[PDB]
């Protein structure tokens, strides 16, 4: 038993991380087969990062202006192109450690593992949720751009995030691997207007189920409510709407614990209306919303099947 924020094992992704240097600017790249993907602002000086004309900046670069290092080994860039906010650097050797992979665009409320990297070298791994306002609350310093976020599903690494920037509020923003930002952000030094964030209701419910499975039951009440009435409550506390699809997704956790989803919703309603009584749930003194139903079943599942 136990419940901990857990990342996927990072080795398959570590074997893909490289350093990309243009001039005096260094960040990370993702080396898959014969292409290195990286944030386009590697072609900027620090001053260029204020109001870059990326098309013009890229035209002045040639292949040999891109210094790509895979460990101690320099990879030769033989082509370059820009796709949205990422560069694709074709190199003359393919990465023999390329995992089976795909590029996906994740949805707000979903989680992924971040492999934080500096100078092409993996430094740390942690789990992030894509916030409803399309930021992530991560830990990133200068030089971390090009670090990626991913999930691992059977025989496949699904890359969903490439890190680009830190908003002046201290939260983080980036793109999918097609180079399109999550949220209304741009890779330049201008006002970045993140939406007011909200709490991921389906995830809070999943985490309450995790707590029950681990013996933390004090917050259960015998009340139940309707989906519409719960959502009227959720709205008041800046919680996202709970849909029938969410209720369905919580089905396995509901079945395992014997607690109907709308029963647990009534327990969550009482926690929102009356507080947590100075008590903790799974070691937290706040309601936690960065665990998906799948994250919870990964650690807490007890199959009826024997």
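Numbering follows the first chain given and starts at 1.
Stretches 69-77 and 143-151 differ in mean C-alpha B factor, with the higher average recorded for 69-77. Between 226-234 and 125-133, the higher mean Cα B-factor belongs to 226-234.
The maximum CA B-factor among the listed residues 64, 246, 40, 269, taken from the PDB record, is found at 64. Across the options 253, 265, 58, 32, the residue with the most elevated CA B-factor in the record is 58.
Annotation for residue 179: CA B-factor lies in the lowest third of the chain's modelled residues. Among all modelled residues in this chain, the alpha-carbon of residue 169 has a temperature factor (C-alpha) in the highest third. The PDB entry assigns residue 242 a C-alpha temperature factor belonging to the middle third of its chain's modelled residues. Annotation for residue 220: C-alpha temperature factor in the highest third relative to the rest of the modelled chain, per the entry. Per the PDB record, residue ranking by Cα B-factor puts residue 53 in the highest third of the chain.
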